C-alpha cells in the first residue's frame, strides 16, 4: 500500500500517458530493448528488428506497446485491488510468454525512464516515489501469482 495521496499522484502522471498511450508504449519498448536486449527475444514478432530505426518504424511494436500500457493503466486504476486483472496476466506471462519476474523489473524501470524523459516538470521527487511504489506493488503481486501457479516465483 500507497497512501490515497500516493495513488492520486500515480493517477495524475498516468493521465499524461493516457493522452498518448501508443507513443509512450513504443518508447517504453525501445528503452527496454536498448537497456536489456535479451528481453527482445521473448518477442517473436520482433526478433528480426536490428536497429532503433527499425523499432521506430515497426507497426507491430507500436501496437504491442499500446496493448501493454493499456493493460497497465487498467490495473493502476484499481489502486491495489487488481486481483482479477492480475490473474489472467500472470497466467499468460508465466505459462505462455514465459516472462521471468526480473523482466517485470526491467519494464518498470523503462516506464520510469520514459516518464522522466517525457514529463520532467510533472514527474517530481513525489510522483517518482509514488510511481515506483505502485510498480513495485505490481511486481510483488505478479511474483506471488507466479509462485502460486507453481512457477519461478
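Residue numbers count along the first chain shown, from 1.
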property	result
66 to 74 versus 115 to 123 - which carries the larger mean C-alpha B factor in the record	115 to 123
Given 104 to 112 and 39 to 47, the range whose Cα B-factors average higher in the PDB entry	39 to 47
Member of 32, 84, 90, 55 with the greatest C-alpha B factor (per the PDB record)	84
Within-chain third of residue 139 by Cα B-factor, per the entry	middle
Ranked against its chain, the third holding the CA B-factor of residue 28	lowest
CA B-factor ranking of residue 133, expressed as a third of its chain	lowest
